[PDB]
């Protein structure tokens, strides 16, 4: 159903290695390798537009875009307005400090005394609103929000922010690829899943799921792992 068809794709490429830009400004990452391989198989073409994070989710939710990707978490809230592929990665969320800032976290009752920050519109808000706030561990009203992970890290680096909420693959990019002196202090293990997003009702979601299964788990996991070092 996509043969010869051109799809409008919304991205917001500041989530390495799922989707990001090299120095030369070239778009790249797991998500692009996956979806461009799908299109090579089904003979479709991509018309890619870059948005801010909320602009990307908005475009696929309204049907302005046919497809969206940039390491997008499959959440209950988003599923009401967006159709997702099966997950290509089981994700974990870390609370991260500078290495010289010795924050020891025994349990969730200890979060309240610290500032927590992350990119506006990301799924950390859901975790807080649904899992931490009701138990009195933290309040959404106390979080610091930023445009991207880069501005979040900048406030971590200068000491303005105590803890950044950073998903595992991005954390490893900053720590191991970029060699930033940061350390996880708490891990929410396997609490999340990443998928490709499609406009509600899109048959492309179903056919992409078919393609994922044609490829098989080892091929997909191999693509994912190749990018995560």
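Residue numbers count along the first chain shown, from 1.
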### Query
Going by the B-factors listed in the PDB entry, is the mean over the C-alpha atoms higher for 173-181 or for 42-50?
42-50
### Message
On mean Cα temperature factor in this entry, is 26-34 or 156-164 the higher one?
### Response
26-34
### Query
Among 131, 86, 151, 83, which residue carries the highest C-alpha B-factor recorded in the PDB entry?
131
### Task
Between 100, 104, 141, 92, let me know which has the highest C-alpha B-factor in the entry?
141
### Query
Which third, lowest, middle or highest, does the CA B-factor of residue 19 fall in along this chain?
middle
### Summary
residue 71: CA temperature factor from the record, placed by chain third, in the lowest
### Task
Determine, from the deposited record, the chain-internal third of the Cα B-factor for residue 209: lowest, middle or highest.
middle
### Message
Going by the CA temperature factor in the PDB record, which third of the chain does residue 118 belong to: lowest, middle or highest?
### Response
lowest
### Task
Among all modelled residues of this chain, ranked by Cα B factor, put residue 79 in the bottom, middle or top third, i.e. lowest, middle or highest.
lowest
